[PDB]
Each structure stands twice: as structure tokens, then as C-alpha cells.
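So this first bit is one chain, no partners, the form deposited in one PDB entry, shown in C-alpha cells.
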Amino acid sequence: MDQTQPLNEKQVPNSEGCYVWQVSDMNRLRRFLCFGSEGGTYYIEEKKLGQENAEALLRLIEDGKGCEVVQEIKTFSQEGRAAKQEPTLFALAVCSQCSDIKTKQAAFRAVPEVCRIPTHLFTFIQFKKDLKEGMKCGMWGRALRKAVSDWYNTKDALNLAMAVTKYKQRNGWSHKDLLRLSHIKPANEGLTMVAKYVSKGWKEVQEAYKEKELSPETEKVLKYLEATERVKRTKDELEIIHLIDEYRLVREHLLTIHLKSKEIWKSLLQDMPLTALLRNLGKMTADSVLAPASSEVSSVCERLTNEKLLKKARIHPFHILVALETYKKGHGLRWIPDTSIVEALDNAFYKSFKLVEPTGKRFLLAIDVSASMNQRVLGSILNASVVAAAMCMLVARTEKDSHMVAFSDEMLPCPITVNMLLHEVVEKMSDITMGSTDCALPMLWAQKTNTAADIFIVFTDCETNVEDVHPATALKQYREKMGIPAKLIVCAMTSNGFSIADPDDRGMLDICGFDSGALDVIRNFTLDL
């Protein structure tokens, strides 16, 4: 009895034809939320992968778990546990469409909390448009009109003014489009002004409010909207700098000619929101606004390493990782990556995760480096082995008693250590992918060598394909031969529906890579909590 044979009737064949278990639908939902389906996997094509997860979603709704789905989507969104928004928004769109009335109602109820910025709302609505044929249903019923109307009417006019000028339109939709389709009725004078600005433009608003009496709050909105117009009618460096300071305008408010100015950037740097700062490190370095040993460089490092703000702004470790890698590249533009910035990014990476108190148990961390793990993740340049290595570094730095190992169809030494800097672990890992997949190795190896481990964490895509015993079986053998209640945590690295964890074994757990809140689930499972 080996992997090419089913262990029981509950097992199904994976992409290689070997037998594993079907991961639960709620668990597959989480994998989807964290990895999406873009780029598909080594075995499944993008489109097919998308349909598979969409199928699982519909199955959840059909099984009457639609409200649990929405709750899970909302939780991931609010806590920022997922690197990208597309998957959560696509899922919310499905739930808001054709689902049972309860599911649909919970979904729209979650719109304000899930769609925080215009880009989210625009993307959500576009997916509902794409789902319009496949789900045989229209989208502009009273519920969507109401949800969109509330999105605008429950917001402070001045804040909305910032939102509609910074994000005029994204992913196919503009605010004008939404107002036209929602037929919103402004809830106050500030909203009416903004609605008028979005629908007819500045000139219209100006003529509409001339000789008109306005509260002091409305006056603020008018002045702000005017500033966004004024900044586009001048090439004077100082006037722009003063408007930025005065109205806290951001990069999105400026013209191309303005972004060539080192001084405009320095003033832009003053109150640059966190994500924008992270993504423009390369640009500002090339322009010398982030000069070596400068005062800006030092300021930037302090912002990137402040755990409180990283959480507040919902900065995800994967964003940190991607930024780190491209910044280190030194080209995108050409620049000398600042070593202090590079060190701060490494530091922020770990801080971006939801940290927890250590358990003090013995962990054996095994990274799957088989050929399939060369698959790209989240449309980035980083493969699954690289991403999993980053997760291992996280766990290894949380649990002092951690041992890292690698494997394909044979055990291999791990070329990374707990003291390395992230960019270094990345370089040491993108040449390792090779060979077949034997997911039972870690447990078999530990037994053979008498290595004591309380927890086995295996980072893989669960596409095991060697004529060796089932990993579940290897785990059972380890428990008996070593006299240790070892547990296996399967850290999924894709959104396929396969798992080597035995559903009937309370000692085996399914979770997925780069869920910024995964360290919490691991701690609870480990401590039997």
C-alpha cells in the first residue's frame, strides 16, 4: 500500500493520479483568499483553477453555509490576512449574487467593511458584472443600488472628496458610473456637493454654489475640491509644494511633470501613506530624496518598522517580501538599494504577521522543493518554495526549538538559517526546485534518524507522487516508534483542493501559506486549545 493506492473510500486522486484527501470547502476558501487562482498551478491552468474554487464556493452556498462564507471573507478582509483583494472581492460578489436571500443579505451587509476604498468597490462591481452570464442573473436589483448608495452616504463628505479625487476610476468603473446606476440621493449638503462634482465637474459645482450659503464643514469640502483642481493648473514647484502641505494631497492628485521634481517628492514623503511609501522606495531612492545616511532614509525606516502602524494600515508580509525583492534588484529606473531600508524591510516582514507567544515545543519544518514548487505565487516572481521558506523563517524565529529541512523525492539539506536576511534566503532558494514529490519523507526521515519532534509543519502543494507510504501513514508510524503524540500541520501553498492531512485524525491540520494570522491557528492547534 503506497500513495498510488487509496487509503480509504474518502480519498481521491491528485493531479499526478496519486491518492490524497479533498481539502474541506471552507479550507479551500481560505487557500483561495490567500493565493487566488491567477497563474494557476504547476498542474492546473489558471481558468480551470478559478472554476474549481468557484465550484467549491457554490457548493458552500448550496450546503447552506453561505453566511459562514461571508463571515470568513469579512474577517480576512478586516484583519488584512490576505495579500490581494481580488479573491475576497470575487467571493463576496458570488455571495451577493443569486445566493439564498440570507447569504445575499449578509454579503451586502459586509460591503461597507470589505470595500474600504474605491478600488475595492469598483473591482467588486466588475466581478458582479462578469458573473452576470455564468450565474444567469442581472446585478442592478434594489439591494445593490442600496448598498452602493450607502457606501457614499455613510461617509464624511471631506473624506469622500479625498476618496473620489485620489481614485477617480479603477478596474473599469468610475464614481460617475456608480452614481448613475445607483441613483443615489445625497444624505446631506456635503454629499450633494461631492455628487455634483463627480457627475458634472468642478465648473458645475462652482456655478452651483455661487452666492450660496454654506456651513463651515461644507466650505472645507469646497476648498479641498478646489485645491485638487488648482494643483493641475500650475507647474510652479512652490505652489504645488504649498498645496500638498495645505491639503495633504497625495501622488494621485499630481501631473506627470510634477513627479519629476525631487522637491515635490520630499513634500509628498511628509505624509505619504504606508502602502504608497513601500511601493515607491525604488523611485525615491533614484531621485535622491532617500539619500544614503540622510534624514529621510532614517525617517522611512522608523515608519516601516513600527508594528502598530503596519497593522493599522493592513500591510501584508507578502507586500513586504515583494517590495524587498524588487528594491534589492536596483532597477525597474536604476538605483543603489539603501542598506538601512533593506534591513528595515526584513524587520517589517515579521512584524506584519499577527505575532503570538511561543509554545516551546519541538518543530520540524519541511519545505517541499520538488519541481512543481517552482510555480509562481500571486502573479509575483517568487515561486512556492521561496514563499514557504519565508513562512519557515517566521516560524523558526518564533519557536527557538525549530529545525528546517527540505525535500523532493529525497531529503535535502536546507540552504537557509534563522539569522539570514530575507533577500538572502530568497537567493539561496530559487535554484533548489527539482525532482519528484514524496510528502512522507519528513516523518520517515525523523523516525529513521530518531529526531524528536512534537510538530511537523510541511509546506507543499500536496501533489505527492511517489510509490512510498502515505504521509498520513508515515505520521502514524512516527507516533508509535518514537512514543510521541506528533502532530502534522499541512501548510498549503496553492488553491488546489488537495490535502495529505487525514480528516479523521485530530492530530493533523490543514492551513495555508501566507495567511498573516496563521501563527495563531498553529499555536492553538499545537497547545490542544
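Between two forms, the rigid core is defined as the largest C-alpha subset superposing within 1.5 Å. Just count from 1 along the sequence shown to find any residue number.
One more form of this protein exists, namely the form deposited in another entry; it is left out here, but the text below deals with it.
Comparing the two forms between this form and the one not shown on the rigid core, the single residue of 295, 450, 154, 419 with a CA shift of 2 Å or greater is 154. Relative to the superposed rigid core, the position of the CA of residue 218 differs between this form and the one not shown by 2 Å or more. The Cα shift for residue 205 between this form and the one not shown, taken after rigid core superposition, is 2 angstroms or larger. Once the rigid core is used as the reference frame, the Cα position of residue 167 differs between this form and the one not shown by 2 Å or more.
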